[PDB]
Q: 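Let me begin by handing over the structure; questions about it come next.
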Amino acid sequence: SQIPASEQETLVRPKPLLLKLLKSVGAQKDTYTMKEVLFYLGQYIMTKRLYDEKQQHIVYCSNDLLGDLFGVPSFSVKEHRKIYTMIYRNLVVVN
Ligand SMILES: COc1ccccc1-n1nc2c(c1C(C)C)[C@H](c1ccc(Cl)cc1C)N(c1cc(Cl)ccc1OCCN(C)C)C2=O
Ligand SMILES: [Cl-]
């Protein structure tokens, strides 16, 4: 819809700050798929309860490493294209 299914198959190498976050939720490796990166970031948000309990579409991250990563104090989980750009700040695509 917003995102082609093929995007999930993209292979990526996280930069240090993203790697730091991923290591708190998932197995370390040099190269991830975007399916993996997205899953792990989602799990990070859920475990650390960075979403508004009463307004669950909004992630609040100004008091968290995630805010440094994404460069925003908050965002909506519905804004998928924006999320991909924020993630892409922090990785290199490998091919
Ligand atoms: C605070 O959020 C919630 C609270 C309660 C329930 C759900 C959610 N919640 N909603 C969504 C997410 C979550 C959490 C974080 C897993 C993730 C998502 C959002 C942000 C990031 Cl960085 C990573 C992921 C996986 N996400 C999303 C983002 C993109 Cl760019 C592409 C597809 C996505 O999901 C498609 C639907 N899926 C459930 C199968 C959503 O639409
Ligand atoms: Cl933190």
Side-chain angles (χ1 to χ4, degrees):
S1 331
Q2 263 189 100
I3 319 296
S6 67
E7 164 70 34
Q8 291 222 306
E9 291 164 57
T10 304
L11 302 166
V12 301
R13 185 170 316 285
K15 296 178 182 174
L17 203 72
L18 178 55
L19 183 63
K20 181 178 177 64
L21 182 149
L22 293 174
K23 279 162 53 267
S24 76
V25 286
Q28 181 288 155
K29 45 185 184 171
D30 278 348
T31 306
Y32 296 85
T33 64
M34 275 305 303
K35 175 170 172 173
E36 288 158 2
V37 172
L38 197 70
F39 171 80
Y40 290 130
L41 283 161
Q43 293 309 91
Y44 180 89
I45 290 159
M46 297 309 290
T47 54
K48 295 198 80 180
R49 296 196 197 86
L50 296 180
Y51 58 95
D52 198 349
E53 182 49 50
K54 182 71 178 176
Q55 198 174 252
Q56 298 190 342
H57 296 148
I58 306 298
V59 173
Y60 293 93
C61 49
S62 72
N63 68 340
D64 199 272
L65 159 74
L66 180 59
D68 305 330
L69 192 72
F70 277 14
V72 297
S74 67
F75 62 96
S76 172
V77 299
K78 295 287 178 281
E79 305 203 322
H80 292 184
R81 204 208 45 75
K82 182 140 213 312
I83 287 159
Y84 274 99
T85 300
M86 291 187 295
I87 295 168
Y88 267 53
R89 296 167 46 98
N90 298 287
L91 56 78
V92 175
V93 178
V94 292
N95 266 302

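We use all heavy atoms of the structure for the numbers below, so side chains are in, but hydrogens, waters and symmetry mates are not. Quick note: residue numbers are just sequence positions, from 1.
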Q: Apply the side-chain contact (heavy atoms from CB on, under 4.5 Å) test between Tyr84 and each candidate in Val37, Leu38, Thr10; give the one that qualifies.
A: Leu38
Q: If you count heavy atoms of other groups shown closer than 6.0 angstrom to NE2 of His80, is the number above 12?
A: yes
Q: Could you check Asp64 against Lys48 for side-chain contact (heavy atoms from CB on, under 4.5 Å), going step by step and ending with a plain yes or no?
A: CA-CA 9 Å; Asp64 199 272; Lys48 295 198 80 180; 2.9 Å; yes
Q: Atom CG of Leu66 and atom OG of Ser74: how far apart are they, to the nearest 0.5 Å?
A: 11.0 Å
Q: Report all side-chain donor-acceptor pairs from residues 17-30 shorter than 3.5 Å, counting only partners two or more places apart or in another chain.
A:
{"residue": "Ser24", "atom": "OG", "partner": "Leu21", "partner atom": "O", "Å": "2.7"}
{"residue": "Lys29", "atom": "NZ", "partner": "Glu36", "partner atom": "OE1", "Å": "3.2"}
{"residue": "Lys29", "atom": "NZ", "partner": "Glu36", "partner atom": "OE2", "Å": "3.2"}

Q: Taking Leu41 as the starting point, is it possible to reach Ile3 by hopping between hydrophobic residues whose side chains are less than 4.5 Å apart?
A: yes
Q: If the condition is ring-ring contact (aromatic ring centres under 6.0 Å, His included), which residues does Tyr44 pass it with, not counting sequence neighbours?
A: none
Q: Is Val12 reachable from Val92 through a run of hydrophobic residues whose side-chain heavy atoms are each under 4.5 Å from the next?
A: no
Q: Would you say the side chain of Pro73 lies within less than 4.5 Å of the side chain of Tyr60, judging by non-hydrogen atoms?
A: no
Q: Which pairs with one or both residues in residues 85-94 pass side-chain hydrogen bond (donor to acceptor under 3.5 Å, both in side chains), sequence neighbours excluded?
A: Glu7-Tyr88, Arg81-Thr85
Q: What are the two closest heavy atoms between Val72 and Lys82, and how far apart are they?
A: CG1-NZ, 4.0 Å
Q: With rounding to the nearest 0.5 Å, note down the distance linking OG in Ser76 to CD1 in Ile83.
A: 7.0 Å
Q: Consider only side-chain heavy atoms of I, L, V, M, F, W and Y, link residues closer than 4.5 Å, and tell whether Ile87 and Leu69 are in one cluster.
A: yes
Q: Are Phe75 and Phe70 an aromatic pair, judged by ring center distance below 6.0 Å?
A: yes
Q: Step by step, work out the side-chain contact (heavy atoms from CB on, under 4.5 Å) result for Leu91 and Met34.
A: CA-CA 10 Å; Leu91 56 78; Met34 275 305 303; 3.8 Å; yes
Q: Decide whether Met46 and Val59 are clustered together by the hydrophobic rule: side chain heavy atoms of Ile, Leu, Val, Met, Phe, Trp, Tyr closer than 4.5 Å, transitively.
A: yes
Q: Just how far is it from atom CD of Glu9 to atom NZ of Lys35, taken to the nearest 0.5 Å?
A: 9.5 Å
